[PDB]
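A lone chain, given as C-alpha coordinates: the form deposited in one PDB entry.
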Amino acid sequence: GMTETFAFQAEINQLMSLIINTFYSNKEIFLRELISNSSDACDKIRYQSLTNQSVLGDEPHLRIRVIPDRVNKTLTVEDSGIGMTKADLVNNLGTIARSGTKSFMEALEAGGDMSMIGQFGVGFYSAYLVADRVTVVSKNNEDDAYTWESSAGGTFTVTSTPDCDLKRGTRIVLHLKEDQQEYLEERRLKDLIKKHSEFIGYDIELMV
(Lines give C-alpha, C1' and ligand atoms only; values in the text may rest on other atoms or scores of the structure.)
Protein backbone atom coordinates (compact mmCIF):
# COMPACT_ATOMS: atom_id res chain seq x y z
CA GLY A 1 0.00 0.00 0.00
CA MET A 2 1.17 3.50 0.94
CA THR A 3 4.66 3.54 2.49
CA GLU A 4 5.26 6.13 5.23
CA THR A 5 8.84 6.92 6.31
CA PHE A 6 9.55 7.79 9.98
CA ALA A 7 12.72 8.85 11.77
CA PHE A 8 14.21 7.38 14.91
CA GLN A 9 14.94 9.85 17.73
CA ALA A 10 18.59 10.20 18.76
CA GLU A 11 18.64 7.54 21.56
CA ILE A 12 17.36 4.79 19.30
CA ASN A 13 19.82 5.83 16.61
CA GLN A 14 22.63 5.55 19.19
CA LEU A 15 21.36 2.15 20.40
CA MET A 16 20.95 0.66 16.90
CA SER A 17 24.38 1.98 15.92
CA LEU A 18 25.87 0.56 19.15
CA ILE A 19 24.25 -2.86 18.62
CA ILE A 20 24.90 -3.23 14.89
CA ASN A 21 28.63 -2.48 15.36
CA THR A 22 29.43 -4.14 18.71
CA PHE A 23 32.06 -6.83 19.18
CA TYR A 24 29.87 -8.41 21.85
CA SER A 25 30.65 -12.06 21.40
CA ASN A 26 27.50 -13.69 22.77
CA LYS A 27 25.16 -12.59 19.95
CA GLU A 28 22.82 -15.62 20.36
CA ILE A 29 20.91 -13.68 23.06
CA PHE A 30 18.80 -12.10 20.27
CA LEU A 31 16.71 -15.30 20.02
CA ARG A 32 15.96 -15.35 23.72
CA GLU A 33 14.80 -11.70 23.45
CA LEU A 34 12.50 -12.19 20.45
CA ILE A 35 10.96 -15.39 21.88
CA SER A 36 10.34 -13.66 25.22
CA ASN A 37 8.52 -10.86 23.37
CA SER A 38 6.47 -13.41 21.40
CA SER A 39 5.57 -15.17 24.67
CA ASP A 40 4.39 -11.85 26.19
CA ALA A 41 2.31 -11.04 23.08
CA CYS A 42 0.55 -14.40 23.40
CA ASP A 43 -0.25 -13.52 27.06
CA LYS A 44 -1.98 -10.29 25.99
CA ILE A 45 -4.38 -12.07 23.57
CA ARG A 46 -4.96 -14.99 25.97
CA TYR A 47 -5.88 -12.42 28.67
CA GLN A 48 -8.38 -10.88 26.28
CA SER A 49 -9.67 -14.36 25.33
CA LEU A 50 -10.65 -15.16 28.94
CA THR A 51 -13.15 -12.26 28.94
CA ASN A 52 -14.31 -12.69 25.33
CA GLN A 53 -13.07 -15.80 23.42
CA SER A 54 -14.25 -14.24 20.11
CA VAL A 55 -10.95 -12.26 20.14
CA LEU A 56 -9.15 -15.43 19.01
CA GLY A 57 -11.40 -15.74 15.96
CA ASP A 58 -9.80 -17.67 13.08
CA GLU A 59 -6.53 -18.12 15.03
CA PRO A 60 -7.17 -20.05 18.31
CA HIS A 61 -3.66 -21.61 18.65
CA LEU A 62 -1.22 -19.44 20.65
CA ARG A 63 2.26 -20.53 19.53
CA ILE A 64 5.74 -19.36 18.50
CA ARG A 65 7.45 -20.41 15.23
CA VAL A 66 11.17 -20.25 14.37
CA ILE A 67 11.75 -20.49 10.62
CA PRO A 68 15.18 -20.53 9.03
CA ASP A 69 15.41 -19.81 5.26
CA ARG A 70 18.79 -20.99 3.88
CA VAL A 71 17.86 -19.75 0.40
CA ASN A 72 17.36 -16.07 1.21
CA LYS A 73 19.54 -16.10 4.38
CA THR A 74 16.73 -15.04 6.72
CA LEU A 75 15.64 -16.18 10.15
CA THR A 76 12.06 -15.62 11.18
CA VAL A 77 10.43 -15.57 14.60
CA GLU A 78 6.61 -15.43 14.39
CA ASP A 79 3.80 -15.72 16.89
CA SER A 80 0.02 -15.70 17.00
CA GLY A 81 -0.01 -13.12 19.84
CA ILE A 82 -2.12 -9.94 20.07
CA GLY A 83 -0.06 -8.16 17.42
CA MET A 84 0.32 -4.47 16.75
CA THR A 85 -1.61 -1.84 14.86
CA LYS A 86 0.07 0.84 12.71
CA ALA A 87 0.17 3.19 15.73
CA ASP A 88 1.41 0.35 17.97
CA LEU A 89 4.35 -0.39 15.65
CA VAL A 90 5.53 3.24 15.79
CA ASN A 91 4.73 3.57 19.51
CA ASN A 92 6.54 0.34 20.45
CA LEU A 93 9.55 0.58 18.17
CA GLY A 94 9.96 4.34 18.33
CA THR A 95 8.08 6.17 21.06
CA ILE A 96 7.85 4.01 24.24
CA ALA A 97 11.32 2.53 23.62
CA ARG A 98 13.12 5.85 24.21
CA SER A 99 13.48 5.96 28.03
CA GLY A 100 14.31 2.21 28.13
CA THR A 101 16.97 2.79 25.47
CA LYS A 102 18.42 5.76 27.37
CA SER A 103 18.60 3.78 30.63
CA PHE A 104 20.07 0.74 28.79
CA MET A 105 22.93 2.80 27.35
CA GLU A 106 23.53 4.48 30.70
CA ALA A 107 23.73 0.99 32.29
CA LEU A 108 26.28 -0.04 29.64
CA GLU A 109 28.32 3.12 30.45
CA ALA A 110 28.25 2.08 34.14
CA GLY A 111 29.58 -1.49 33.68
CA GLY A 112 26.40 -3.23 32.54
CA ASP A 113 26.27 -5.97 29.92
CA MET A 114 24.45 -6.35 26.55
CA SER A 115 22.65 -9.46 27.92
CA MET A 116 20.72 -7.11 30.27
CA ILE A 117 18.94 -5.41 27.35
CA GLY A 118 15.60 -7.13 28.17
CA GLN A 119 15.58 -5.53 31.64
CA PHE A 120 15.05 -2.24 29.82
CA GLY A 121 12.18 -3.43 27.59
CA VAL A 122 14.18 -2.88 24.37
CA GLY A 123 15.34 -6.50 23.79
CA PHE A 124 13.85 -6.33 20.28
CA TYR A 125 16.85 -4.29 19.10
CA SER A 126 19.16 -7.19 19.99
CA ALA A 127 18.02 -8.45 16.54
CA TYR A 128 20.62 -6.13 15.05
CA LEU A 129 23.36 -8.21 16.72
CA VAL A 130 22.91 -10.79 13.90
CA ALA A 131 20.87 -8.87 11.29
CA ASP A 132 21.53 -5.91 8.98
CA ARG A 133 17.81 -5.54 8.24
CA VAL A 134 14.80 -6.45 10.29
CA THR A 135 11.26 -6.61 9.00
CA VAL A 136 8.30 -6.77 11.37
CA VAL A 137 4.96 -7.83 9.92
CA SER A 138 2.10 -7.40 12.39
CA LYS A 139 -1.65 -7.88 12.61
CA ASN A 140 -3.84 -6.74 15.49
CA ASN A 141 -7.62 -7.35 15.67
CA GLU A 142 -8.30 -3.59 15.49
CA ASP A 143 -6.34 -2.74 12.30
CA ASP A 144 -5.05 -3.97 8.93
CA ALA A 145 -1.70 -5.80 8.68
CA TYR A 146 1.28 -3.41 8.58
CA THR A 147 4.97 -3.98 7.87
CA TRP A 148 7.67 -2.07 9.73
CA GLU A 149 11.16 -2.21 8.31
CA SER A 150 14.52 -0.69 9.13
CA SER A 151 18.16 -1.17 8.18
CA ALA A 152 19.37 1.13 11.04
CA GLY A 153 20.03 4.18 8.85
CA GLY A 154 18.10 6.64 11.04
CA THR A 155 14.69 5.90 9.52
CA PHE A 156 12.07 3.19 9.45
CA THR A 157 9.13 2.61 7.09
CA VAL A 158 5.57 1.51 7.92
CA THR A 159 3.56 0.04 5.03
CA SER A 160 0.07 -1.45 4.83
CA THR A 161 0.74 -4.95 3.49
CA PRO A 162 -2.20 -7.37 3.30
CA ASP A 163 -1.15 -10.83 4.47
CA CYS A 164 -3.71 -13.64 4.72
CA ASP A 165 -1.14 -16.01 6.23
CA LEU A 166 -0.93 -13.80 9.32
CA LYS A 167 -4.44 -13.88 10.80
CA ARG A 168 -3.19 -12.25 14.01
CA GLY A 169 0.21 -11.69 15.60
CA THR A 170 3.73 -10.80 14.59
CA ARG A 171 6.33 -12.06 12.10
CA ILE A 172 9.89 -10.79 12.66
CA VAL A 173 12.15 -11.45 9.67
CA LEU A 174 15.89 -11.17 10.25
CA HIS A 175 18.06 -10.73 7.20
CA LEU A 176 21.32 -12.08 8.66
CA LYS A 177 24.78 -10.51 8.54
CA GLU A 178 27.23 -12.48 6.37
CA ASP A 179 29.28 -13.67 9.38
CA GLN A 180 26.12 -14.74 11.25
CA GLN A 181 24.85 -17.71 9.16
CA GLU A 182 25.10 -20.20 12.06
CA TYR A 183 21.57 -19.09 13.09
CA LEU A 184 20.21 -20.77 9.97
CA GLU A 185 21.49 -24.17 11.19
CA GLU A 186 18.90 -26.67 12.47
CA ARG A 187 21.15 -27.89 15.33
CA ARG A 188 22.17 -24.38 16.50
CA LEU A 189 18.51 -23.32 16.77
CA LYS A 190 17.27 -26.58 18.35
CA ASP A 191 19.86 -26.25 21.14
CA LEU A 192 18.97 -22.55 21.59
CA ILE A 193 15.18 -23.09 21.78
CA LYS A 194 15.56 -26.03 24.21
CA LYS A 195 17.41 -23.66 26.55
CA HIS A 196 14.30 -21.61 27.36
CA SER A 197 11.29 -23.60 26.05
CA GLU A 198 10.43 -25.18 29.44
CA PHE A 199 10.01 -21.64 30.87
CA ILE A 200 7.85 -20.46 27.94
CA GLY A 201 4.14 -21.33 28.37
CA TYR A 202 3.51 -21.74 24.63
CA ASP A 203 4.60 -24.17 21.94
CA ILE A 204 7.79 -23.20 20.13
CA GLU A 205 7.85 -24.78 16.70
CA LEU A 206 11.11 -25.07 14.75
CA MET A 207 10.25 -25.39 11.05
CA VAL A 208 13.10 -27.09 9.13
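In case it trips you up, residue 1 is the first one in the sequence shown, and so on. In this text, rigid core is short for the largest set of C-alphas that superpose within 1.5 Å between two forms.
One more form of this protein should be noted, the form deposited in another entry, which is absent from this view; the next part is about it.
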Problem - Sole member of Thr76, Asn91, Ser103, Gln119 with a C-alpha shift of at least 2 Å between this form and the one not shown (core-superposed) - result: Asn91
Practice task
Answer yes if the CA of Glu186 moves 2 Å or more between this form and the one not shown after aligning the rigid core, and no otherwise.
Solution key: no
Problem - Change in CA distance between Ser150 and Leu93 in the other entry, which is 3 Å or more, as closer or farther - result: farther
Exercise for the section: Regarding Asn92 and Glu33, go with closer or farther for their CA spacing in the other entry versus this form, the difference being 3 Å or more. Expected result: farther
